[PDB]
file upload12.pdb (PDB, N, CA and C atoms)
MODEL        1
ATOM      1  N   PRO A  22      -2.597  -9.233  -2.506  1.00  0.00           N
ATOM      2  CA  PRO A  22      -1.540  -9.592  -1.556  1.00  0.00           C
ATOM      3  C   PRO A  22      -1.940  -9.312  -0.113  1.00  0.00           C
ATOM      4  N   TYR A  23      -2.944  -8.463   0.053  1.00  0.00           N
ATOM      5  CA  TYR A  23      -3.436  -8.106   1.373  1.00  0.00           C
ATOM      6  C   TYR A  23      -4.878  -8.562   1.538  1.00  0.00           C
ATOM      7  N   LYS A  24      -5.232  -9.017   2.734  1.00  0.00           N
ATOM      8  CA  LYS A  24      -6.584  -9.495   2.982  1.00  0.00           C
ATOM      9  C   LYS A  24      -7.324  -8.632   4.000  1.00  0.00           C
ATOM     10  N   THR A  25      -6.659  -8.271   5.093  1.00  0.00           N
ATOM     11  CA  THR A  25      -7.289  -7.443   6.116  1.00  0.00           C
ATOM     12  C   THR A  25      -6.457  -6.193   6.421  1.00  0.00           C
ATOM     13  N   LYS A  26      -5.191  -6.401   6.793  1.00  0.00           N
ATOM     14  CA  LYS A  26      -4.283  -5.298   7.124  1.00  0.00           C
ATOM     15  C   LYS A  26      -2.918  -5.836   7.544  1.00  0.00           C
ATOM     16  N   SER A  27      -2.920  -6.750   8.510  1.00  0.00           N
ATOM     17  CA  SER A  27      -1.682  -7.351   8.998  1.00  0.00           C
ATOM     18  C   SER A  27      -0.890  -7.967   7.846  1.00  0.00           C
ATOM     19  N   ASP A  28      -1.594  -8.295   6.765  1.00  0.00           N
ATOM     20  CA  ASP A  28      -0.973  -8.889   5.586  1.00  0.00           C
ATOM     21  C   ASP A  28       0.013  -7.925   4.928  1.00  0.00           C
ATOM     22  N   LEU A  29      -0.068  -6.644   5.290  1.00  0.00           N
ATOM     23  CA  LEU A  29       0.818  -5.633   4.720  1.00  0.00           C
ATOM     24  C   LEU A  29       2.286  -5.964   4.968  1.00  0.00           C
ATOM     25  N   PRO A  30       3.196  -5.278   4.248  1.00  0.00           N
ATOM     26  CA  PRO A  30       4.641  -5.491   4.369  1.00  0.00           C
ATOM     27  C   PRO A  30       5.201  -5.030   5.709  1.00  0.00           C
ATOM     28  N   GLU A  31       6.111  -5.827   6.259  1.00  0.00           N
ATOM     29  CA  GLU A  31       6.736  -5.504   7.536  1.00  0.00           C
ATOM     30  C   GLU A  31       7.265  -4.072   7.534  1.00  0.00           C
ATOM     31  N   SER A  32       8.027  -3.720   6.501  1.00  0.00           N
ATOM     32  CA  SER A  32       8.572  -2.370   6.378  1.00  0.00           C
ATOM     33  C   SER A  32       7.454  -1.333   6.354  1.00  0.00           C
ATOM     34  N   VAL A  33       6.232  -1.802   6.134  1.00  0.00           N
ATOM     35  CA  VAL A  33       5.068  -0.938   6.094  1.00  0.00           C
ATOM     36  C   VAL A  33       4.389  -0.919   7.461  1.00  0.00           C
ATOM     37  N   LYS A  34       4.073  -2.103   7.969  1.00  0.00           N
ATOM     38  CA  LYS A  34       3.429  -2.239   9.272  1.00  0.00           C
ATOM     39  C   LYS A  34       4.364  -1.781  10.402  1.00  0.00           C
ATOM     40  N   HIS A  35       5.677  -1.914  10.175  1.00  0.00           N
ATOM     41  CA  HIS A  35       6.688  -1.532  11.171  1.00  0.00           C
ATOM     42  C   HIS A  35       6.975  -0.031  11.130  1.00  0.00           C
ATOM     43  N   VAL A  36       6.133   0.700  10.418  1.00  0.00           N
ATOM     44  CA  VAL A  36       6.286   2.138  10.266  1.00  0.00           C
ATOM     45  C   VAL A  36       4.924   2.823  10.273  1.00  0.00           C
ATOM     46  N   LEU A  37       3.905   2.123   9.769  1.00  0.00           N
ATOM     47  CA  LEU A  37       2.558   2.664   9.731  1.00  0.00           C
ATOM     48  C   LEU A  37       1.866   2.471  11.071  1.00  0.00           C
ATOM     49  N   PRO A  38       1.282   3.560  11.571  1.00  0.00           N
ATOM     50  CA  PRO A  38       0.593   3.607  12.870  1.00  0.00           C
ATOM     51  C   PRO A  38      -0.526   2.574  13.019  1.00  0.00           C
ATOM     52  N   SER A  39      -1.696   2.852  12.451  1.00  0.00           N
ATOM     53  CA  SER A  39      -2.821   1.927  12.552  1.00  0.00           C
ATOM     54  C   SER A  39      -3.715   2.017  11.319  1.00  0.00           C
ATOM     55  N   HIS A  40      -4.570   3.037  11.279  1.00  0.00           N
ATOM     56  CA  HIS A  40      -5.470   3.233  10.147  1.00  0.00           C
ATOM     57  C   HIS A  40      -4.692   3.416   8.845  1.00  0.00           C
ATOM     58  N   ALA A  41      -3.381   3.627   8.953  1.00  0.00           N
ATOM     59  CA  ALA A  41      -2.541   3.809   7.778  1.00  0.00           C
ATOM     60  C   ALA A  41      -2.408   2.502   7.012  1.00  0.00           C
ATOM     61  N   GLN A  42      -2.487   1.396   7.738  1.00  0.00           N
ATOM     62  CA  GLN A  42      -2.392   0.078   7.131  1.00  0.00           C
ATOM     63  C   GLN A  42      -3.655  -0.211   6.344  1.00  0.00           C
ATOM     64  N   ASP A  43      -4.785   0.223   6.887  1.00  0.00           N
ATOM     65  CA  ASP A  43      -6.058   0.056   6.210  1.00  0.00           C
ATOM     66  C   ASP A  43      -6.030   0.926   4.969  1.00  0.00           C
ATOM     67  N   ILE A  44      -5.571   2.157   5.165  1.00  0.00           N
ATOM     68  CA  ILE A  44      -5.416   3.107   4.078  1.00  0.00           C
ATOM     69  C   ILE A  44      -4.509   2.495   3.030  1.00  0.00           C
ATOM     70  N   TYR A  45      -3.348   2.068   3.500  1.00  0.00           N
ATOM     71  CA  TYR A  45      -2.357   1.430   2.654  1.00  0.00           C
ATOM     72  C   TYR A  45      -2.977   0.270   1.890  1.00  0.00           C
ATOM     73  N   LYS A  46      -3.489  -0.708   2.629  1.00  0.00           N
ATOM     74  CA  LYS A  46      -4.109  -1.881   2.027  1.00  0.00           C
ATOM     75  C   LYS A  46      -5.272  -1.495   1.112  1.00  0.00           C
ATOM     76  N   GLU A  47      -6.219  -0.727   1.643  1.00  0.00           N
ATOM     77  CA  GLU A  47      -7.383  -0.303   0.870  1.00  0.00           C
ATOM     78  C   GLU A  47      -6.968   0.453  -0.381  1.00  0.00           C
ATOM     79  N   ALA A  48      -5.920   1.253  -0.261  1.00  0.00           N
ATOM     80  CA  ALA A  48      -5.417   2.012  -1.396  1.00  0.00           C
ATOM     81  C   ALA A  48      -4.697   1.075  -2.351  1.00  0.00           C
ATOM     82  N   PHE A  49      -3.956   0.133  -1.777  1.00  0.00           N
ATOM     83  CA  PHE A  49      -3.227  -0.853  -2.558  1.00  0.00           C
ATOM     84  C   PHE A  49      -4.210  -1.702  -3.349  1.00  0.00           C
ATOM     85  N   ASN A  50      -5.169  -2.302  -2.638  1.00  0.00           N
ATOM     86  CA  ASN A  50      -6.182  -3.135  -3.271  1.00  0.00           C
ATOM     87  C   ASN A  50      -6.897  -2.351  -4.364  1.00  0.00           C
ATOM     88  N   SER A  51      -7.205  -1.090  -4.066  1.00  0.00           N
ATOM     89  CA  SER A  51      -7.873  -0.221  -5.025  1.00  0.00           C
ATOM     90  C   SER A  51      -7.055  -0.141  -6.306  1.00  0.00           C
ATOM     91  N   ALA A  52      -5.753   0.072  -6.153  1.00  0.00           N
ATOM     92  CA  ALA A  52      -4.856   0.143  -7.298  1.00  0.00           C
ATOM     93  C   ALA A  52      -4.674  -1.239  -7.909  1.00  0.00           C
ATOM     94  N   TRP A  53      -4.801  -2.265  -7.072  1.00  0.00           N
ATOM     95  CA  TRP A  53      -4.675  -3.647  -7.515  1.00  0.00           C
ATOM     96  C   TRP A  53      -5.840  -3.990  -8.438  1.00  0.00           C
ATOM     97  N   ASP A  54      -7.059  -3.767  -7.953  1.00  0.00           N
ATOM     98  CA  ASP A  54      -8.255  -4.029  -8.742  1.00  0.00           C
ATOM     99  C   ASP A  54      -8.289  -3.103  -9.948  1.00  0.00           C
ATOM    100  N   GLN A  55      -7.831  -1.874  -9.745  1.00  0.00           N
ATOM    101  CA  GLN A  55      -7.798  -0.895 -10.815  1.00  0.00           C
ATOM    102  C   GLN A  55      -6.775  -1.302 -11.860  1.00  0.00           C
ATOM    103  N   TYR A  56      -5.785  -2.066 -11.423  1.00  0.00           N
ATOM    104  CA  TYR A  56      -4.735  -2.547 -12.313  1.00  0.00           C
ATOM    105  C   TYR A  56      -5.274  -3.616 -13.257  1.00  0.00           C
ATOM    106  N   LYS A  57      -6.312  -3.272 -14.006  1.00  0.00           N
ATOM    107  CA  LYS A  57      -6.906  -4.206 -14.951  1.00  0.00           C
ATOM    108  C   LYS A  57      -6.136  -4.200 -16.272  1.00  0.00           C
ATOM    109  N   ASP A  58      -5.093  -3.375 -16.336  1.00  0.00           N
ATOM    110  CA  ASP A  58      -4.261  -3.268 -17.527  1.00  0.00           C
ATOM    111  C   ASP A  58      -3.253  -4.410 -17.578  1.00  0.00           C
ATOM    112  N   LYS A  59      -2.645  -4.691 -16.431  1.00  0.00           N
ATOM    113  CA  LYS A  59      -1.649  -5.748 -16.321  1.00  0.00           C
ATOM    114  C   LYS A  59      -2.211  -6.961 -15.584  1.00  0.00           C
ATOM    115  N   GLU A  60      -3.456  -7.299 -15.885  1.00  0.00           N
ATOM    116  CA  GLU A  60      -4.121  -8.432 -15.244  1.00  0.00           C
ATOM    117  C   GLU A  60      -3.728  -9.755 -15.895  1.00  0.00           C
ATOM    118  N   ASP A  61      -3.671  -9.761 -17.221  1.00  0.00           N
ATOM    119  CA  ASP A  61      -3.333 -10.971 -17.963  1.00  0.00           C
ATOM    120  C   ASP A  61      -1.870 -10.990 -18.381  1.00  0.00           C
ATOM    121  N   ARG A  62      -1.033 -10.267 -17.651  1.00  0.00           N
ATOM    122  CA  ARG A  62       0.384 -10.229 -17.953  1.00  0.00           C
ATOM    123  C   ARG A  62       1.171 -11.039 -16.938  1.00  0.00           C
ATOM    124  N   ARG A  63       2.231 -11.665 -17.410  1.00  0.00           N
ATOM    125  CA  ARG A  63       3.092 -12.469 -16.554  1.00  0.00           C
ATOM    126  C   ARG A  63       3.821 -11.585 -15.544  1.00  0.00           C
ATOM    127  N   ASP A  64       3.813 -10.278 -15.797  1.00  0.00           N
ATOM    128  CA  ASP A  64       4.466  -9.319 -14.918  1.00  0.00           C
ATOM    129  C   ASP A  64       3.497  -8.795 -13.856  1.00  0.00           C
ATOM    130  N   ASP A  65       2.790  -9.708 -13.196  1.00  0.00           N
ATOM    131  CA  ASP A  65       1.832  -9.328 -12.163  1.00  0.00           C
ATOM    132  C   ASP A  65       2.518  -8.544 -11.049  1.00  0.00           C
ATOM    133  N   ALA A  66       3.812  -8.781 -10.865  1.00  0.00           N
ATOM    134  CA  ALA A  66       4.570  -8.076  -9.838  1.00  0.00           C
ATOM    135  C   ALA A  66       4.422  -6.575 -10.022  1.00  0.00           C
ATOM    136  N   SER A  67       4.466  -6.140 -11.277  1.00  0.00           N
ATOM    137  CA  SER A  67       4.315  -4.732 -11.609  1.00  0.00           C
ATOM    138  C   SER A  67       3.051  -4.192 -10.973  1.00  0.00           C
ATOM    139  N   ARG A  68       1.978  -4.955 -11.126  1.00  0.00           N
ATOM    140  CA  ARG A  68       0.697  -4.592 -10.539  1.00  0.00           C
ATOM    141  C   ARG A  68       0.878  -4.401  -9.043  1.00  0.00           C
ATOM    142  N   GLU A  69       1.265  -5.480  -8.365  1.00  0.00           N
ATOM    143  CA  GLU A  69       1.507  -5.436  -6.936  1.00  0.00           C
ATOM    144  C   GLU A  69       2.380  -4.234  -6.605  1.00  0.00           C
ATOM    145  N   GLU A  70       3.446  -4.065  -7.382  1.00  0.00           N
ATOM    146  CA  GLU A  70       4.361  -2.946  -7.205  1.00  0.00           C
ATOM    147  C   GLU A  70       3.610  -1.624  -7.296  1.00  0.00           C
ATOM    148  N   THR A  71       2.983  -1.372  -8.440  1.00  0.00           N
ATOM    149  CA  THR A  71       2.229  -0.134  -8.621  1.00  0.00           C
ATOM    150  C   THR A  71       1.281   0.075  -7.451  1.00  0.00           C
ATOM    151  N   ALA A  72       0.548  -0.973  -7.088  1.00  0.00           N
ATOM    152  CA  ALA A  72      -0.372  -0.880  -5.968  1.00  0.00           C
ATOM    153  C   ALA A  72       0.382  -0.351  -4.751  1.00  0.00           C
ATOM    154  N   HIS A  73       1.585  -0.889  -4.533  1.00  0.00           N
ATOM    155  CA  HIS A  73       2.430  -0.440  -3.429  1.00  0.00           C
ATOM    156  C   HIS A  73       2.598   1.074  -3.527  1.00  0.00           C
ATOM    157  N   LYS A  74       2.968   1.536  -4.725  1.00  0.00           N
ATOM    158  CA  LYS A  74       3.154   2.954  -4.993  1.00  0.00           C
ATOM    159  C   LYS A  74       1.889   3.734  -4.671  1.00  0.00           C
ATOM    160  N   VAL A  75       0.765   3.216  -5.141  1.00  0.00           N
ATOM    161  CA  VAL A  75      -0.519   3.852  -4.912  1.00  0.00           C
ATOM    162  C   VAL A  75      -0.849   3.876  -3.427  1.00  0.00           C
ATOM    163  N   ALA A  76      -0.906   2.694  -2.824  1.00  0.00           N
ATOM    164  CA  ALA A  76      -1.209   2.574  -1.404  1.00  0.00           C
ATOM    165  C   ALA A  76      -0.390   3.557  -0.585  1.00  0.00           C
ATOM    166  N   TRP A  77       0.897   3.638  -0.888  1.00  0.00           N
ATOM    167  CA  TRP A  77       1.767   4.565  -0.184  1.00  0.00           C
ATOM    168  C   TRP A  77       1.263   5.984  -0.401  1.00  0.00           C
ATOM    169  N   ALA A  78       0.886   6.295  -1.643  1.00  0.00           N
ATOM    170  CA  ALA A  78       0.361   7.617  -1.970  1.00  0.00           C
ATOM    171  C   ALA A  78      -0.766   7.985  -1.008  1.00  0.00           C
ATOM    172  N   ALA A  79      -1.674   7.038  -0.776  1.00  0.00           N
ATOM    173  CA  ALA A  79      -2.769   7.249   0.153  1.00  0.00           C
ATOM    174  C   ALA A  79      -2.198   7.450   1.547  1.00  0.00           C
ATOM    175  N   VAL A  80      -1.231   6.606   1.889  1.00  0.00           N
ATOM    176  CA  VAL A  80      -0.565   6.674   3.171  1.00  0.00           C
ATOM    177  C   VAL A  80       0.128   8.025   3.345  1.00  0.00           C
ATOM    178  N   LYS A  81       0.898   8.446   2.344  1.00  0.00           N
ATOM    179  CA  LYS A  81       1.594   9.727   2.409  1.00  0.00           C
ATOM    180  C   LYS A  81       0.600  10.890   2.439  1.00  0.00           C
ATOM    181  N   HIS A  82      -0.655  10.602   2.101  1.00  0.00           N
ATOM    182  CA  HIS A  82      -1.702  11.619   2.091  1.00  0.00           C
ATOM    183  C   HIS A  82      -2.320  11.770   3.478  1.00  0.00           C
ATOM    184  N   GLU A  83      -2.656  10.639   4.086  1.00  0.00           N
ATOM    185  CA  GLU A  83      -3.274  10.622   5.409  1.00  0.00           C
ATOM    186  C   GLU A  83      -2.237  10.412   6.506  1.00  0.00           C
ATOM    187  N   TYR A  84      -1.037  10.013   6.110  1.00  0.00           N
ATOM    188  CA  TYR A  84       0.043   9.757   7.058  1.00  0.00           C
ATOM    189  C   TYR A  84       1.351  10.398   6.590  1.00  0.00           C
ATOM    190  N   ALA A  85       2.165  10.810   7.556  1.00  0.00           N
ATOM    191  CA  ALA A  85       3.445  11.448   7.271  1.00  0.00           C
ATOM    192  C   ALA A  85       4.596  10.689   7.919  1.00  0.00           C
ATOM    193  N   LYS A  86       5.746  10.656   7.247  1.00  0.00           N
ATOM    194  CA  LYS A  86       6.924   9.986   7.790  1.00  0.00           C
ATOM    195  C   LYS A  86       7.785  10.990   8.529  1.00  0.00           C
ATOM    196  N   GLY A  87       7.990  10.763   9.818  1.00  0.00           N
ATOM    197  CA  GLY A  87       8.799  11.678  10.588  1.00  0.00           C
ATOM    198  C   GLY A  87      10.219  11.744  10.072  1.00  0.00           C
ATOM    199  N   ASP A  88      11.122  12.323  10.853  1.00  0.00           N
ATOM    200  CA  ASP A  88      12.509  12.447  10.428  1.00  0.00           C
ATOM    201  C   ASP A  88      13.324  11.193  10.742  1.00  0.00           C
ATOM    202  N   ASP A  89      12.691  10.018  10.698  1.00  0.00           N
ATOM    203  CA  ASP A  89      13.406   8.778  10.958  1.00  0.00           C
ATOM    204  C   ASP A  89      13.098   7.744   9.880  1.00  0.00           C
ATOM    205  N   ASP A  90      12.042   6.993  10.099  1.00  0.00           N
ATOM    206  CA  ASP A  90      11.597   5.976   9.165  1.00  0.00           C
ATOM    207  C   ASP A  90      10.246   5.453   9.608  1.00  0.00           C
ATOM    208  N   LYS A  91       9.518   6.312  10.300  1.00  0.00           N
ATOM    209  CA  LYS A  91       8.196   5.979  10.799  1.00  0.00           C
ATOM    210  C   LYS A  91       7.178   6.998  10.326  1.00  0.00           C
ATOM    211  N   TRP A  92       5.915   6.603  10.311  1.00  0.00           N
ATOM    212  CA  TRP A  92       4.857   7.495   9.857  1.00  0.00           C
ATOM    213  C   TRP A  92       3.813   7.761  10.941  1.00  0.00           C
ATOM    214  N   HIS A  93       3.052   8.836  10.741  1.00  0.00           N
ATOM    215  CA  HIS A  93       1.988   9.242  11.656  1.00  0.00           C
ATOM    216  C   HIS A  93       0.871   9.899  10.851  1.00  0.00           C
ATOM    217  N   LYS A  94      -0.384   9.626  11.201  1.00  0.00           N
ATOM    218  CA  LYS A  94      -1.498  10.180  10.437  1.00  0.00           C
ATOM    219  C   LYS A  94      -1.473  11.693  10.364  1.00  0.00           C
ATOM    220  N   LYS A  95      -1.435  12.181   9.134  1.00  0.00           N
ATOM    221  CA  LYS A  95      -1.443  13.596   8.862  1.00  0.00           C
ATOM    222  C   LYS A  95      -2.876  14.123   8.942  1.00  0.00           C
ATOM    223  N   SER A  96      -3.626  13.932   7.859  1.00  0.00           N
ATOM    224  CA  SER A  96      -5.018  14.375   7.793  1.00  0.00           C
ATOM    225  C   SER A  96      -5.840  13.772   8.929  1.00  0.00           C
TER     226      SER A  96
ENDMDL
END
call {"tool": "encode", "arguments": {"input": "upload12.pdb", "output": "structure tokens"}}
result
Amino acid sequence: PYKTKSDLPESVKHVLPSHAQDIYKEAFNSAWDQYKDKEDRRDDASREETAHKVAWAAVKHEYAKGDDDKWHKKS
């Protein structure tokens, strides 16, 4: 679902600083490619979804969400 970074979700890009999108995307894609379990399933959304969960995990690792709805690089 992501190709470079800007492809990320608005709710993501509208909260993620900069390298967080790469982290997000790179983490998402990682979980996407890793999602070889639900590759031949009609529920591909689950994959994309899980990737979202994963990517965020990376984001929540290198980035933190302030007391509003925005994030900033932690590590």
call {"tool": "closest_residue", "arguments": {"input": "upload12.pdb", "among": "A:83, A:43, A:70, A:60", "to": "residue A:27", "atoms": "all atoms listed in the file"}}
result
A:43
call {"tool": "closest_residue", "arguments": {"input": "upload12.pdb", "among": "A:84, A:56, A:92, A:49", "to": "residue A:72", "atoms": "all atoms listed in the file"}}
result
A:49
call {"tool": "atom_distance", "arguments": {"input": "upload12.pdb", "atom1": "atom N of residue A:55", "atom2": "atom C of residue A:69"}}
result
10.9 Å
call {"tool": "closest_residue", "arguments": {"input": "upload12.pdb", "among": "A:35, A:64, A:41, A:48", "to": "residue A:85", "atoms": "only C-alpha atoms"}}
result
A:41
call {"tool": "atom_distance", "arguments": {"input": "upload12.pdb", "atom1": "atom CA of residue A:47", "atom2": "atom N of residue A:65"}}
result
19.7 Å
call {"tool": "closest_residue", "arguments": {"input": "upload12.pdb", "among": "A:87, A:33, A:94, A:76", "to": "residue A:52", "atoms": "only C-alpha atoms"}}
result
A:76
call {"tool": "select_by_dssp", "arguments": {"input": "upload12.pdb", "residues": "chain A", "states": "alpha helix (DSSP H)", "output": "VMD selection string"}}
result
chain A and resid 31 to 34 40 to 55 65 to 83
call {"tool": "write_last_selection", "arguments": {"input": "upload12.pdb", "atoms": "N, CA and C atoms", "output": "short mmCIF file (atom, residue, chain, number, x, y, z; two decimals), keeping the file's coordinate frame"}}
result
data_model
loop_
_atom_site.label_atom_id
_atom_site.label_comp_id
_atom_site.auth_asym_id
_atom_site.auth_seq_id
_atom_site.Cartn_x
_atom_site.Cartn_y
_atom_site.Cartn_z
N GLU A 31 6.11 -5.83 6.26
CA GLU A 31 6.74 -5.50 7.54
C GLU A 31 7.26 -4.07 7.53
N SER A 32 8.03 -3.72 6.50
CA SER A 32 8.57 -2.37 6.38
C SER A 32 7.45 -1.33 6.35
N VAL A 33 6.23 -1.80 6.13
CA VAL A 33 5.07 -0.94 6.09
C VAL A 33 4.39 -0.92 7.46
N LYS A 34 4.07 -2.10 7.97
CA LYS A 34 3.43 -2.24 9.27
C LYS A 34 4.36 -1.78 10.40
N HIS A 40 -4.57 3.04 11.28
CA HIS A 40 -5.47 3.23 10.15
C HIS A 40 -4.69 3.42 8.85
N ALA A 41 -3.38 3.63 8.95
CA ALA A 41 -2.54 3.81 7.78
C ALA A 41 -2.41 2.50 7.01
N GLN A 42 -2.49 1.40 7.74
CA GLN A 42 -2.39 0.08 7.13
C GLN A 42 -3.66 -0.21 6.34
N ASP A 43 -4.78 0.22 6.89
CA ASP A 43 -6.06 0.06 6.21
C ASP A 43 -6.03 0.93 4.97
N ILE A 44 -5.57 2.16 5.16
CA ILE A 44 -5.42 3.11 4.08
C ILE A 44 -4.51 2.50 3.03
N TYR A 45 -3.35 2.07 3.50
CA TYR A 45 -2.36 1.43 2.65
C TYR A 45 -2.98 0.27 1.89
N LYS A 46 -3.49 -0.71 2.63
CA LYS A 46 -4.11 -1.88 2.03
C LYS A 46 -5.27 -1.50 1.11
N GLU A 47 -6.22 -0.73 1.64
CA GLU A 47 -7.38 -0.30 0.87
C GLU A 47 -6.97 0.45 -0.38
N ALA A 48 -5.92 1.25 -0.26
CA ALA A 48 -5.42 2.01 -1.40
C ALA A 48 -4.70 1.08 -2.35
N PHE A 49 -3.96 0.13 -1.78
CA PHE A 49 -3.23 -0.85 -2.56
C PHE A 49 -4.21 -1.70 -3.35
N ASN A 50 -5.17 -2.30 -2.64
CA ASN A 50 -6.18 -3.14 -3.27
C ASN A 50 -6.90 -2.35 -4.36
N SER A 51 -7.20 -1.09 -4.07
CA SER A 51 -7.87 -0.22 -5.03
C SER A 51 -7.06 -0.14 -6.31
N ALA A 52 -5.75 0.07 -6.15
CA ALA A 52 -4.86 0.14 -7.30
C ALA A 52 -4.67 -1.24 -7.91
N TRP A 53 -4.80 -2.26 -7.07
CA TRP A 53 -4.68 -3.65 -7.52
C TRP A 53 -5.84 -3.99 -8.44
N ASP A 54 -7.06 -3.77 -7.95
CA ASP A 54 -8.26 -4.03 -8.74
C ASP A 54 -8.29 -3.10 -9.95
N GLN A 55 -7.83 -1.87 -9.74
CA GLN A 55 -7.80 -0.90 -10.82
C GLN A 55 -6.78 -1.30 -11.86
N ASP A 65 2.79 -9.71 -13.20
CA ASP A 65 1.83 -9.33 -12.16
C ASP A 65 2.52 -8.54 -11.05
N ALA A 66 3.81 -8.78 -10.86
CA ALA A 66 4.57 -8.08 -9.84
C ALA A 66 4.42 -6.58 -10.02
N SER A 67 4.47 -6.14 -11.28
CA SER A 67 4.32 -4.73 -11.61
C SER A 67 3.05 -4.19 -10.97
N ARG A 68 1.98 -4.96 -11.13
CA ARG A 68 0.70 -4.59 -10.54
C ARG A 68 0.88 -4.40 -9.04
N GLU A 69 1.26 -5.48 -8.36
CA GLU A 69 1.51 -5.44 -6.94
C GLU A 69 2.38 -4.23 -6.60
N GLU A 70 3.45 -4.07 -7.38
CA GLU A 70 4.36 -2.95 -7.20
C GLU A 70 3.61 -1.62 -7.30
N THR A 71 2.98 -1.37 -8.44
CA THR A 71 2.23 -0.13 -8.62
C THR A 71 1.28 0.08 -7.45
N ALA A 72 0.55 -0.97 -7.09
CA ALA A 72 -0.37 -0.88 -5.97
C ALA A 72 0.38 -0.35 -4.75
N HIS A 73 1.58 -0.89 -4.53
CA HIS A 73 2.43 -0.44 -3.43
C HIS A 73 2.60 1.07 -3.53
N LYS A 74 2.97 1.54 -4.72
CA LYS A 74 3.15 2.95 -4.99
C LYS A 74 1.89 3.73 -4.67
N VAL A 75 0.76 3.22 -5.14
CA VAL A 75 -0.52 3.85 -4.91
C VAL A 75 -0.85 3.88 -3.43
N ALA A 76 -0.91 2.69 -2.82
CA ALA A 76 -1.21 2.57 -1.40
C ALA A 76 -0.39 3.56 -0.58
N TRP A 77 0.90 3.64 -0.89
CA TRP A 77 1.77 4.57 -0.18
C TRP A 77 1.26 5.98 -0.40
N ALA A 78 0.89 6.30 -1.64
CA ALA A 78 0.36 7.62 -1.97
C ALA A 78 -0.77 7.98 -1.01
N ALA A 79 -1.67 7.04 -0.78
CA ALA A 79 -2.77 7.25 0.15
C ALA A 79 -2.20 7.45 1.55
N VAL A 80 -1.23 6.61 1.89
CA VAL A 80 -0.56 6.67 3.17
C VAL A 80 0.13 8.02 3.34
N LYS A 81 0.90 8.45 2.34
CA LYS A 81 1.59 9.73 2.41
C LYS A 81 0.60 10.89 2.44
N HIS A 82 -0.66 10.60 2.10
CA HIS A 82 -1.70 11.62 2.09
C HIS A 82 -2.32 11.77 3.48
N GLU A 83 -2.66 10.64 4.09
CA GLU A 83 -3.27 10.62 5.41
C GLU A 83 -2.24 10.41 6.51
#
call {"tool": "atom_distance", "arguments": {"input": "upload12.pdb", "atom1": "atom CA of residue A:75", "atom2": "atom CA of residue A:45"}}
result
8.2 Å
call {"tool": "axis_aligned_box", "arguments": {"input": "upload12.pdb", "around": "stretch 29-33 of chain A", "padding_each_side": "5 Å", "output": "JSON"}}
result
{"center_x": 4.3, "center_y": -3.8, "center_z": 5.9, "size_x": 18.6, "size_y": 15.7, "size_z": 13.3}
call {"tool": "select_by_dssp", "arguments": {"input": "upload12.pdb", "residues": "chain A", "states": "strand (DSSP E or B)", "output": "count of residues only"}}
result
6
call {"tool": "closest_residue", "arguments": {"input": "upload12.pdb", "among": "A:73, A:82, A:68, A:93", "to": "residue A:36", "atoms": "all atoms listed in the file"}}
result
A:93
call {"tool": "resolve_selection", "arguments": {"input": "upload12.pdb", "expression": "the PyMOL selection byres (((chain A and resi 22 and name CA) around 10) and name CA)", "output": "PyMOL selection string"}}
result
chain A and resi 23-25+28-30+46+49-50+53+69+72
call {"tool": "build_atoms", "arguments": {"input": "upload12.pdb", "residues": "stretch 35-43 of chain A", "atoms": "N, CA, C and O atoms", "output": "PDB file, keeping the file's coordinate frame"}}
result
ATOM      1  N   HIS A  35       5.677  -1.914  10.175  1.00  0.00           N
ATOM      2  CA  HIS A  35       6.688  -1.532  11.171  1.00  0.00           C
ATOM      3  C   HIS A  35       6.975  -0.031  11.130  1.00  0.00           C
ATOM      4  O   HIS A  35       7.947   0.445  11.717  1.00  0.00           O
ATOM      5  N   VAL A  36       6.133   0.700  10.418  1.00  0.00           N
ATOM      6  CA  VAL A  36       6.286   2.138  10.266  1.00  0.00           C
ATOM      7  C   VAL A  36       4.924   2.823  10.273  1.00  0.00           C
ATOM      8  O   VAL A  36       4.792   3.958  10.732  1.00  0.00           O
ATOM      9  N   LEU A  37       3.905   2.123   9.769  1.00  0.00           N
ATOM     10  CA  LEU A  37       2.558   2.664   9.731  1.00  0.00           C
ATOM     11  C   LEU A  37       1.866   2.471  11.071  1.00  0.00           C
ATOM     12  O   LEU A  37       1.883   1.388  11.659  1.00  0.00           O
ATOM     13  N   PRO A  38       1.282   3.560  11.571  1.00  0.00           N
ATOM     14  CA  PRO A  38       0.593   3.607  12.870  1.00  0.00           C
ATOM     15  C   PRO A  38      -0.526   2.574  13.019  1.00  0.00           C
ATOM     16  O   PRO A  38      -0.332   1.536  13.654  1.00  0.00           O
ATOM     17  N   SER A  39      -1.696   2.852  12.451  1.00  0.00           N
ATOM     18  CA  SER A  39      -2.821   1.927  12.552  1.00  0.00           C
ATOM     19  C   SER A  39      -3.715   2.017  11.319  1.00  0.00           C
ATOM     20  O   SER A  39      -3.629   1.184  10.418  1.00  0.00           O
ATOM     21  N   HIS A  40      -4.570   3.037  11.279  1.00  0.00           N
ATOM     22  CA  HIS A  40      -5.470   3.233  10.147  1.00  0.00           C
ATOM     23  C   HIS A  40      -4.692   3.416   8.845  1.00  0.00           C
ATOM     24  O   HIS A  40      -5.269   3.360   7.761  1.00  0.00           O
ATOM     25  N   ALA A  41      -3.381   3.627   8.953  1.00  0.00           N
ATOM     26  CA  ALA A  41      -2.541   3.809   7.778  1.00  0.00           C
ATOM     27  C   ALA A  41      -2.408   2.502   7.012  1.00  0.00           C
ATOM     28  O   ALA A  41      -2.248   2.497   5.793  1.00  0.00           O
ATOM     29  N   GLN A  42      -2.487   1.396   7.738  1.00  0.00           N
ATOM     30  CA  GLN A  42      -2.392   0.078   7.131  1.00  0.00           C
ATOM     31  C   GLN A  42      -3.655  -0.211   6.344  1.00  0.00           C
ATOM     32  O   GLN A  42      -3.605  -0.774   5.249  1.00  0.00           O
ATOM     33  N   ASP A  43      -4.785   0.223   6.887  1.00  0.00           N
ATOM     34  CA  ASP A  43      -6.058   0.056   6.210  1.00  0.00           C
ATOM     35  C   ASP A  43      -6.030   0.926   4.969  1.00  0.00           C
ATOM     36  O   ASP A  43      -6.359   0.488   3.870  1.00  0.00           O
TER      37      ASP A  43
END
